[PDB]
Amino acid sequence: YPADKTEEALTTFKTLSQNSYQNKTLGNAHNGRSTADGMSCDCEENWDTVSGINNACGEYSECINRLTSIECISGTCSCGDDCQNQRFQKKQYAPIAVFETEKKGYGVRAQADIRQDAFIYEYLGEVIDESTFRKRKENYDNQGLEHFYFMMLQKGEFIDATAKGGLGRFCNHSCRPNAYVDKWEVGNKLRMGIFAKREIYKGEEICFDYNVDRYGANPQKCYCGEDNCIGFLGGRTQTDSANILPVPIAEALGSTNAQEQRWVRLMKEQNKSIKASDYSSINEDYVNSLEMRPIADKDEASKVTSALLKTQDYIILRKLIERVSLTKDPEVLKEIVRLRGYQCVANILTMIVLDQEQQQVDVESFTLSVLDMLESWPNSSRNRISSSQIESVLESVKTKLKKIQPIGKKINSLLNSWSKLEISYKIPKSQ
DNA sequence: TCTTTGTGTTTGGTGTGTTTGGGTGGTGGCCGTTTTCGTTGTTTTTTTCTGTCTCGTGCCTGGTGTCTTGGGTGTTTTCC
Ligand SMILES: Nc1ncnc2c1ncn2[C@@H]1O[C@H](CSCC[C@H](N)C(=O)O)[C@@H](O)[C@H]1O
Ligand SMILES: [Zn+2]
Ligand SMILES: [Zn+2]
Ligand SMILES: [Zn+2]
């Protein structure tokens, strides 16, 4: 496996055993209202005489304070000293190591198998106010740092892990994380712990959801590798009307922040229903009402290819194919060929005219609207097609819809045109 | 295929209804003392109005999980 980088990671910052405070007023529980009647659990101390360990307030015990995310304090609770609900104070962190893989920096891995709901590691840092946070953020942006190191302890109170903190700062974002951050009360103070969402084995990376507020900062692309990745690091939108479809997909359709604003502003503010921000359900009316302009940028072509590889909706694919019909720039088409647009168009065909979630007349209109640019694009070799074998799909769909003779004749012309093109070499291999 | 429930009529009976005698409790008479009605005065407290800080209340957005519905079966209770 990857080489250990634990000491090298430790040397990059001032290691802390506990959270540091800018002042004694910050970080106090109940907004500084000292609960003199501290919540004392009614647990009886359970001392195992063999090991001398106080087993009270354990994981499978019925300690009320543990359920309510409050730690027992020695000398005040009936559970006695050294109970099993002093995890933050005793600093009983899980054993972890630091390593590096993929496009990520340093990352945290489990040195041992960790149970579900087990406390992993206490996020450490300096407790700071809002103005100090703004000053440090401006300084780091001037320094060009490309890493988040701020977490919101609570309203108006943040934790900075840049110069001083703990191993938890090296945990990387995952869109399907195995751990999560939670807020707990220890004495008259507030702590942020990290707990295991599931069973984690040795060697596996430990990750948590950042749910990051950008505060107007630019998006950063997410390289977590999870299948459910949204592609960028963020959280909830700063207001409604901000997105209706995912960016790459929205920009593939020619839509931008203004066009996504305009639809919601025209209907939602005038007593017509638009659901919350969720891309699992496509709103066909927005896609139909969207305006379409020809593509002349290769990054937009890459976004179109990503939308083809991602979106399953019939209407979004219809409007993307219509936009491609408007598009006539040869360089963008050559880029789409390099991106293997034929491969995506094969699946787009298959989902609509082999799988039947729609009506035959509308599918016929779709097929006539998608054969045209296939007929129009520049082609110079069958090796372009060989990366997709879309001809096979064309044969299957002309055979299925044999009653619709215009589609069959167009596919005849298309395969006749493609049959005459040249071929390119593949090195023979020993046998 | 196959068990219950009602009102009605002849005859019995036991408990409701009626009738005399008396004794005890309700009815008539007058006298005294005080409980309460009436008035008058004080003054406590209850209402009604004005101004600021405060903290909670109202509303809106996102969503986790608790509430509701369909299927099987078996074991628990029902019937003779
Ligand atoms: N899944 C991911 N893909 C890309 N960058 C990631 C990531 N998870 C974390 N990061 C990067 O790491 C930052 C958090 S700090 C994590 C430790 C740091 N990468 C280091 O090795 O020193 C994020 O702001 C981001 O820049
Ligand atoms: Zn306890
Ligand atoms: Zn305890
Ligand atoms: Zn991701």
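Position 411 (the first sequence) corresponds to 1502 in the numbering used here; numbering is contiguous. The beta-carbon is built from N, C-alpha and C at its ideal position, and this holds for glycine as well.
query, result
"Whose C-alpha, out of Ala1367, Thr1126, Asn1145, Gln1180, is nearest the C-alpha of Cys1134?", "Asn1145"
"At a threshold of 6 Å, does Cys1315 count as lining ligand 1 (C-beta to nearest heavy atom)?", "yes"
"Would you list, in sequence order, the uninterrupted beta strand (DSSP E) runs of no fewer than 3 residues that lie entirely inside the stretch 1130 to 1217?", "1187 to 1191, 1197 to 1201, 1210 to 1213"
"Excluding the 5 residues preceding and the 5 following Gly1257 in the sequence, name in chain order all residues of the same chain whose CB lies nearer than 8 Å to its CB.", "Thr1106, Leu1107, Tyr1212, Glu1213, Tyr1214, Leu1215, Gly1216"
"Flag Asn1176 as yes when its Cβ comes closer than 6 Å to any non-hydrogen atom of ligand 3, and as no otherwise.", "yes"
"Any heavy atom of ligand 4 closer than 6 Å to the CB of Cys1320?", "yes"
"To which residues of the same chain is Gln1403 closer than 8 Å at the C-beta, ignoring the five residues directly before and after it?", "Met1442"
"Leaving out five residues on either side along the sequence, give the residues of the same chain with a beta carbon under 8 Å from the beta carbon of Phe1224.", "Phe1241, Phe1249, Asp1251"
"With a threshold of 8 Å on Cβ separation, who are the neighbours of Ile1291 within its own chain once the five nearest residues in sequence on each side are excluded?", "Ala1201, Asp1204, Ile1205, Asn1269, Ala1270, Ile1297"
"What are the boundary residues of the beta strand (DSSP E) that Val1272 is part of?", "1270 to 1277"
"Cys1320 by DSSP, collapsed to three states: which one?", "coil"
"For my contact list, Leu1411 and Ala1343 are in at a C-beta cut-off of 8 Å; report their separation, rounded to the angstrom.", "6 Å"
"Going by DSSP, what residue range makes up the beta strand (DSSP E) through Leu1281?", "1280 to 1287"
"Could you name the residues that DSSP lists as bridge partners for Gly1256?", "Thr1106"
"Could you check the C-alpha separation between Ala1120 and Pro1339 for me, to the nearest Å?", "43 Å"
"Taking the DSSP output, what are the residues bridged to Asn1263?", "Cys1298"
"Count the other CB atoms, across all protein chains shown, that sit within 10 Å of the CB of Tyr1405; report buried if there are 16 or more and exposed otherwise.", "buried"
"Using the rule of at least 16 other Cβ atoms within 10 Å of the residue's Cβ for burial, across every protein chain shown, is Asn1263 buried or exposed?", "buried"
"Quick check on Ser1111: does DSSP put it in helix, strand or coil?", "strand"
"Where in the stretch 1349 to 1413 do unbroken runs of the beta strand (DSSP E), each at least 3 residues long, occur, reported from the N-terminal end onward?", "none"
"With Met1242 as the anchor, note down where its beta strand (DSSP E) starts and where it stops.", "1241 to 1245"
"Taking contact to mean 3 or more Cβ pairs, one atom from each stretch, closer than 8 Å, check whether the stretch 1427 to 1444 and the stretch 1452 to 1459 are in contact.", "yes"
"What I want to know is whether the C-beta of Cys1435 ends up closer than 6 Å to one or more non-hydrogen atoms of ligand 3.", "no"
"Pull up the DSSP beta-bridge partners for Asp1251, would you.", "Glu1217, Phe1241"
"Decide if the stretch 1499 to 1515 is in contact with the stretch 1476 to 1486; the criterion is three or more beta carbon pairs, one per stretch, under 8 Å apart.", "yes"
"Would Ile1335 be called buried (16 or more neighbouring beta carbons within 10 Å of its own) or exposed?", "buried"
"Provide the residue(s) that pair with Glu1513 in DSSP beta bridges, ordered along the chain.", "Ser1472"
"Cβ of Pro1385 within 7 Å of Cβ of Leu1417?", "yes"
"Are the Cβ atoms of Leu1399 and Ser1346 separated by less than 7 Å?", "no"
"Would you mind giving the Cβ-Cβ distance between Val1461 and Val1436, rounded to the nearest angstrom? I have them listed as a contact below 8 Å.", "7 Å"
"Are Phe1286 and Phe1179 touching if we call contact CB-CB under 7 Å?", "no"
"In chain order, what residues place their C-beta within less than 5 Å of a heavy atom belonging to ligand 2?", "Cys1132, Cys1134, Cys1148, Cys1154, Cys1170"
"Do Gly1247 and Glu1229 have their CB atoms nearer than 7 Å?", "no"
"Below 7 Å CB to CB, which residues in the same chain sit around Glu1191 once its five sequence neighbours on both sides are set aside?", "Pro1093, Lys1096, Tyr1197, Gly1198"
"Is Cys1168 near ligand 4, in the sense that its beta carbon is under 6 Å from a heavy atom of that ligand?", "no"
"Among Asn1438, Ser1397, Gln1311, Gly1316, which residue has its Cα nearest to the Cα of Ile1427?", "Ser1397"
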